[PDB]
Structures are given as C-alpha cells and as structure tokens.
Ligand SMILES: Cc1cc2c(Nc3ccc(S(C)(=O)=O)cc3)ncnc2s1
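Starting off, we have a lone chain in the form solved without the named molecule, written out as structure tokens.
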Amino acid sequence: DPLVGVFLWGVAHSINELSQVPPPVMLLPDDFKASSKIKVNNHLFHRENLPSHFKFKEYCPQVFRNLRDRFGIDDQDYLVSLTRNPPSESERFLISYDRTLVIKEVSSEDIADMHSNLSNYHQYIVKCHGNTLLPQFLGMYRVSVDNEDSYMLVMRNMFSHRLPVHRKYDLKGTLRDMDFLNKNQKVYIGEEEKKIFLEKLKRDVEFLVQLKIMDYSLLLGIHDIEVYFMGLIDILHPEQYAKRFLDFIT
C-alpha cells in the first residue's frame, strides 16, 4: 500500500528534519499556522515502493512536537516505534508494530476542527500535564497519492501493547453501553486509585464542555488473568447529556 508507505516515509523525513530544529519555549500564533509540505516527483526513479508522485504535510510541526514532549514521548522512539517496521491494519485504525500507538485515518474537516480545538488543546496539556483520559495527539499528517488526499492522526493507544483485551465496551449512556445493563458492570477497583481516575474524568469532560464538543463516548477495556483500560474516545445541548456521562460511568 502506497499511502501507508508514503505515510511512514513522511513520518521519518519530517521527524528527522524536525530534530535538526531547536524547540521554542513558547508557542507563538504563527506556529499554529505553521506547516510542512513536500512534493516528490520521480521520472524513471525509485518506484520500488512509494509512488512516482506523491505529497506530504505535517500540521503545526512545532505544535504537535511540543505536545510529544508534553506527552513524555521522545521522538527517536516515536520514529523507531513508527517506522522501524510496518503497522497492522485495523478498524481506519492502525496499530504500530510496537502496538504502542494508534494511527487513525481522518477527514479534511476533522483536521480543521482539530486545528480549531488545537490552540485550546495544548492549554490543557500544559495545565494538567498530559495525563487526561483524552486522546494524546502527536501526529496529524496528510498523504496525497496520485492526486488523492488522506489525513491521518497519530495518538497513544489506550490499550496495552502487551496485555491483551478480552472485554471492551464503549461507555455512553465490542458491544456498546446498551448491553452493559444485564451483565452488571463492576464499579470497584479501589477507592483511592479510583478517586484519581474519577478526578480526571470530571475535569476532562469539563474541558470538552468549553469547546462545545459534541457527543463523546468512553472506551473501557479489560485484560483478565483483571486489568482495565479506560479513557474517552469519541471526542469528535452538551451540558444536558454531559451529566448523563460522568454519572453513567458512575
């Protein structure tokens, strides 16, 4: 597949030309308008993998990089754990070979709103220090292949790269939260450790609030031996259905 092969190509090129770039301490406006696009034209050259003609572009190269740092994520690893190897197809979900990250295909508009919520996003990243149940966003690119566009999003996988999920629902208010009734879900893992979680949950959704962020769901998984994996997923009146959520997951 070109596109996925173009993707990586781009991930590497940029991340290595980015490295050659000193990180600013303070994100200026222009950095949120900043971009990086390459066009690759080959007549009778390469073609062993990536199309003779393609395009690539990373959005806010410094903005999402700065988030990577905020996400305690080194770029060398981010690359090696991205390019060293091919990913697997899922569902346009794509688990890294490391199974540490999640590549999802997105829409032309989704990116924009991303670019819109963007300036707000990092504000929260810094303040709460990138630990929320929210999806950690590190990668946002666009892969054109023979006049074909496709934007992808790269984030940390909520599930474990190692411990396999045997149970997994999408809590709202792969069976959805409508079949979680009769089974009698377990609202107990520990008062203390649960508090911290419940803490995040409330603030994270107070944040979604301020953006007018439409209907969102929560992904909870389990790895029985039982381990759990949980965080909001579908983050792309609200106040009315909102008090349904935190309460529903309660």
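Note that residue numbering begins at 1 and tracks the sequence as displayed.
Heads up, the form deposited with the named molecule bound isn't pictured, but that's what we're talking about next.
Colleague: Using heavy atoms and a 4.5 Å limit, would one call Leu82 a contact residue for the named molecule in the bound PDB entry?
Modeller: Heavy-atom contact with the named molecule at 4.5 Å: absent for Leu82.
Colleague: Contact with the named molecule in the bound PDB entry for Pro135, defined as at least one heavy atom pair within 4.5 Å: yes or no?
Modeller: Yes - in the bound PDB entry, heavy atoms of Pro135 and the named molecule come within 4.5 Å of each other.
Colleague: Look up in the bound PDB entry whether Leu219 has a non-hydrogen atom within 4.5 angstroms of the named molecule, and give yes or no.
Modeller: The answer is yes: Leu219 has a heavy atom within 4.5 Å of the named molecule.
Colleague: May I ask you to state whether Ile15 is within 4.5 Å of the named molecule in the bound PDB entry, using heavy atom distances?
Modeller: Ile15: no, not in contact with the named molecule in the bound PDB entry.
Colleague: Taking the named molecule in the bound PDB entry as the reference, which of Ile233, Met230, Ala242, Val227 has a non-hydrogen atom within 4.5 Å?
Modeller: Of the candidates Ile233, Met230, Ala242, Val227, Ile233 is the one lying within 4.5 Å of the named molecule in the bound PDB entry.
Colleague: Taking 4.5 Å between heavy atoms as the contact cutoff, choose which of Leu163, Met155, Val145, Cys128 touches the named molecule in the bound PDB entry.
Modeller: Of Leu163, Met155, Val145, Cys128, the residue with a heavy atom within 4.5 Å of the named molecule in the bound PDB entry is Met155.
Colleague: Please state whether all three residues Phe93, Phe159 and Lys168 have a non-hydrogen atom within 4.5 angstroms of the named molecule in the bound PDB entry.
Modeller: Each of the three qualifies.
Colleague: Who in 77 to 105 is close to the named molecule in the bound PDB entry, meaning a heavy atom within 4.5 Å?
Modeller: Residues within 4.5 Å: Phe93, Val102, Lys104.
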